[PDB]
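Student: Numbered by the authors' numbering, the letters in the sequence shown go through residues 1 to 79, 87 to 246 in order.
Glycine included, every Cβ here is placed at the ideal spot set by N, Cα and C.
Sharing a structure below in structure tokens format, with a few things to ask.
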Amino acid sequence: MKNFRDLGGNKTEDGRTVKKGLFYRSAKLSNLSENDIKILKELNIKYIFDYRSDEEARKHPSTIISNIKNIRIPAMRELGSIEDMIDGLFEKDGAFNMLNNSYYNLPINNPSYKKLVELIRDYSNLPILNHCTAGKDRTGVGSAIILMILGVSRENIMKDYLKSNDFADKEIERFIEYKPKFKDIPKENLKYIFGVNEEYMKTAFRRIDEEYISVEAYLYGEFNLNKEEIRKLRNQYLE
């Protein structure tokens, strides 16, 4: 179980803290050990929410856990090598620009995030775990939206988002073992592929700010979360 964390402990702008044990995020949950399963059961997780595409899920199906229900809704539309991403990385159509463009599309009219928000609107559905492949991009924006609902600042959303780079560092070392010819590529260049960067999340924020005058307007327009409903959720989920 990789890139795994509880969103609890994050501070909100009104001074409270997110309760522990309600909202988790991770990378994919294929080939879980019996002990990984014990962990998730001990956390009393009720739903695992999966952002991956049909083909991603077919190639890496999630391990079955008794008493935990899996919900998968692709957060991106579905119609090369990591090596292909590396050499064109910063070109006009390269991987940095393409990943940036994906973040531009993620926050608006997203059927996956709409279902995620519907789930977390009712305390009886919690705890939940949300994940994608690496737990950094689709999971990054989905977890950011949960934190927006809870009232966490953009600065602290960014801090949680960038925590994915610890896993990225491990994944970079694993990749260089697979392809030693890239052993001298700057590691922070490989981090644009295997990890995350402030510009990606800033692009998601930029899309929100172009469409809506405030985060509150965004949550109301996209998820029908009016102010009193946000107040109620914060009173339930913050301490």
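1) Relative to the C-alpha of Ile153, which candidate in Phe49, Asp54 and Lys28 has its C-alpha closest?
2) Got a sec, what are the start and stop residues for the beta strand (DSSP E) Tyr47 sits in?
3) Of the choices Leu7, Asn3 and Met1, whose alpha-carbon is the least far from that of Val159?
4) With a CB to CB cut of under 6 Å and the five nearest residues on each side skipped, what residues in its chain are close to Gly147?
5) Just to confirm my understanding: we take residue 267, look at its own chain, exclude 5 residues before and 5 after, and list those with CB closer than 6 Å. What are they?
6) Cβ-heavy atom distance between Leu136 and the ligand GDP below 8 Å?
7) What whole-angstrom Cβ distance do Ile93 and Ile192 have, given they're in contact under 8 Å?
8) In the DSSP output, what is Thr63 paired with across the bridge?
9) Buried or exposed, going by whether 16 or more other CB atoms sit within 10 Å of the CB of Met155?
10) Under 9 Å between the Cβ atoms of residue 80 and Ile71?
11) Taking the straight line between their C-alpha atoms, what separation do you get for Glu206 and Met165?
12) Can you tell me whether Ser221 is helix, strand or coil according to DSSP?
13) Under the assumption that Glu34 contacts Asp54 (Cβ atoms under 8 Å), give the Cβ distance between them as a whole number of angstroms.
14) Between the C-alpha atoms of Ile220 and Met76, what's the straight-line distance to the nearest angstrom?
15) Tell me the residue span of the alpha helix (DSSP H) that contains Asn242.
16) What's the C-alpha gap between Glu246 and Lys186?
17) With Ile200 as the anchor, note down where its beta strand (DSSP E) starts and where it stops.
18) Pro74: buried (16+ other C-beta within 10 angstroms of its C-beta) or exposed?
19) Hey, out of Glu56, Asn108 and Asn117, whose CA is closest to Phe230's CA?
20) Would you mind working out which of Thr12, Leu43 and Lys143 sits nearest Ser26, comparing C-alpha positions?
21) Less than 7 Å between C-beta atoms, sequence neighbours within five positions excluded: which residues of the same chain meet that for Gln243?
22) In whole angstroms, give me the CA-to-CA distance for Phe174 and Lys99.
23) By DSSP's criteria, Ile135 is part of a beta bridge. Which residues make up the other side?
24) What are the partner residues of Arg5, as DSSP defines its beta bridges?
Tutor: From the atom records:
1) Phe49
2) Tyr47 to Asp50
3) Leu7
4) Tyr168
5) Given that the chain is displayed from residue 1 to residue 246, the structure contains no residue 267 and the question cannot be resolved.
6) Annotation note on the ligand GDP: not contained in the displayed structure, which lists no ligands.
7) 6 Å
8) According to DSSP, which records beta bridges pairwise, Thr63 is partnered with nothing at all.
9) buried
10) Missing from the coordinates: residue 80, inside the break in the chain from 79 to 87.
11) 10 Å
12) coil
13) Contact flag wrong, Cβ pair sits at about 28 Å.
14) 25 Å
15) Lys234 to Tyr244
16) 47 Å
17) It is not in any beta strand (DSSP E) - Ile200 instead sits in the alpha helix (DSSP H) that spans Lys194 to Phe201.
18) buried
19) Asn117
20) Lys143
21) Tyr130
22) 27 Å
23) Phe23 and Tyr47
24) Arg25
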